[PDB]
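Below is one structure; the comments refer to it alone.
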Amino acid sequence: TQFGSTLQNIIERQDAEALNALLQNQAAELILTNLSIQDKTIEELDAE
Amino acid sequence: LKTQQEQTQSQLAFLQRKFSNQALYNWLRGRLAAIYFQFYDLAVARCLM
């Protein structure tokens with residue numbers, strides 16, 4: 001039962017790690033989109 | 001916003017597919033609760049002995 005508890009903790013921790021990696025990858029994608037948006041903003045000002 | 005929508009769905013899919021999901025806990029709770037109660041009756045019987 002101690003191995004049982006240890007394993008459960010590893011599993012929950014393993015999943016937590018996977019989530020943090022997922023969230024950071026997702027953040028990177030939104031930033032790239034935001035960079036494209038900002039470029040258009042700059043072009044808009046040049047158009048003005 | 002569409003990207004954010006997809007990312008949100010990805011997180012939901014992740015929560016559903018990850019091993020330590022709601023289904024696991026529902027199962028663990030059901031099984032442990034059965035054990036805990038049965039163990040309790042045995043514990044009471046020994047306490048009474």
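Ordering of the structure tokens sets the chain letters (A, B, ...); residue numbers start at 1 within each chain; ligands are numbered from 1 in the order shown.
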Contacts of stretch 14-23 of chain A at 9 Å or less, counting only C-alpha atoms, minus same-chain residues fewer than 3 places along, as number ranges by chain? A: 9-11, 26-28; B: 7, 11, 14-15, 18-20
Per residue of chain B within 12 Å of chain A, record the nearest atom pair and its distance in Å to one decimal, counting only C-alpha atoms, with rows in chain order and ascending residue number, as a tab-separated table.
```
residue	atom	partner	partner_atom	distance
B:1	CA	A:30	CA	9.1
B:2	CA	A:30	CA	10.3
B:3	CA	A:30	CA	7.3
B:4	CA	A:30	CA	7.4
B:5	CA	A:30	CA	11.0
B:6	CA	A:26	CA	9.8
B:7	CA	A:26	CA	6.6
B:8	CA	A:26	CA	9.4
B:9	CA	A:26	CA	11.6
B:10	CA	A:22	CA	9.0
B:11	CA	A:22	CA	8.1
B:12	CA	A:19	CA	11.0
B:13	CA	A:19	CA	11.4
B:14	CA	A:19	CA	7.9
B:15	CA	A:19	CA	8.8
B:16	CA	A:15	CA	11.5
B:17	CA	A:15	CA	10.2
B:18	CA	A:15	CA	6.6
B:19	CA	A:15	CA	7.4
B:20	CA	A:12	CA	6.0
B:21	CA	A:12	CA	9.3
B:24	CA	A:8	CA	10.9
B:25	CA	A:8	CA	11.2
B:28	CA	A:8	CA	11.0
```
Would you save the residues from that selection as a PDB file, in the first residue's frame, using C-alpha atoms?
```pdb
ATOM      1  CA  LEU B   1     -10.292  33.798 -30.562  1.00  0.00           C
ATOM      2  CA  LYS B   2     -10.719  30.688 -32.672  1.00  0.00           C
ATOM      3  CA  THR B   3      -7.261  29.625 -31.606  1.00  0.00           C
ATOM      4  CA  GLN B   4      -8.211  30.177 -27.973  1.00  0.00           C
ATOM      5  CA  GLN B   5     -11.317  28.090 -28.567  1.00  0.00           C
ATOM      6  CA  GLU B   6      -9.267  25.226 -29.927  1.00  0.00           C
ATOM      7  CA  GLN B   7      -6.834  25.479 -27.059  1.00  0.00           C
ATOM      8  CA  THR B   8      -9.686  25.359 -24.594  1.00  0.00           C
ATOM      9  CA  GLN B   9     -11.031  22.249 -26.249  1.00  0.00           C
ATOM     10  CA  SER B  10      -7.559  20.771 -26.165  1.00  0.00           C
ATOM     11  CA  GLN B  11      -7.416  21.322 -22.416  1.00  0.00           C
ATOM     12  CA  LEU B  12     -10.786  19.657 -22.008  1.00  0.00           C
ATOM     13  CA  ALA B  13      -9.667  16.722 -24.079  1.00  0.00           C
ATOM     14  CA  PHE B  14      -6.549  16.567 -21.953  1.00  0.00           C
ATOM     15  CA  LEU B  15      -8.503  16.491 -18.747  1.00  0.00           C
ATOM     16  CA  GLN B  16     -10.706  13.726 -20.084  1.00  0.00           C
ATOM     17  CA  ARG B  17      -7.863  11.635 -21.477  1.00  0.00           C
ATOM     18  CA  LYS B  18      -5.263  12.083 -18.779  1.00  0.00           C
ATOM     19  CA  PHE B  19      -5.097   9.103 -16.513  1.00  0.00           C
ATOM     20  CA  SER B  20      -5.929  10.880 -13.242  1.00  0.00           C
ATOM     21  CA  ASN B  21      -9.340  12.029 -14.438  1.00  0.00           C
ATOM     22  CA  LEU B  24     -10.576   7.484 -11.839  1.00  0.00           C
ATOM     23  CA  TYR B  25     -11.630   9.260  -8.772  1.00  0.00           C
ATOM     24  CA  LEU B  28     -11.421   4.951  -6.485  1.00  0.00           C
TER      25      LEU B  28
END
```
